[PDB]
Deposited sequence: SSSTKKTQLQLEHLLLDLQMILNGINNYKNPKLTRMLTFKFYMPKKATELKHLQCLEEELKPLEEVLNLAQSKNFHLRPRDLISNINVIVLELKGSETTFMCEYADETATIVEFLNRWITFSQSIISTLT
């Protein structure tokens, strides 16, 4: 059962990494513009219930990938199924720091299920 949890997190991790890898490259002309948008970051992200903070930013994440031209739909399903009122850090981040943050979170939980 925690096997299913771990596999779901791995799928989350890979999906988030595919997005980051997709946008964070010089073959992407819209990168500079994409980095102007602000993403809100979890005040704390140490438990699965903290994924609420991710779920609440999936729509803007989608919008910014949109206005720069699904994985998101799959991420949304995984997040809902893995997943408390969300507390956000005071300073916002770029789409790249946002993704890197939730990639680290995902890797962290995965390791505590090994």
| query | finding |
| --- | --- |
| Chain regions without C-alpha coordinates, deposited sequence numbering | 1-2, 72-80, 95-99 |
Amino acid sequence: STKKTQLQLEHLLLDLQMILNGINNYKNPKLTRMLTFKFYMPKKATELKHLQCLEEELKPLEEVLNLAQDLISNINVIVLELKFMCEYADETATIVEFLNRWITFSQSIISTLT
From here on, numbers count along this sequence of modelled residues.
item	value
Greater mean Cα temperature factor according to the PDB record, 30-38 or 85-93	85-93
Highest recorded Cα temperature factor - choice among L65, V77, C53, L58	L65
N100 by Cα B-factor - lowest, middle or highest third of the modelled chain	lowest
Among modelled residues of the same chain, the CA temperature factor third for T5	middle
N24 CA temperature factor, ranked by third within the chain	middle
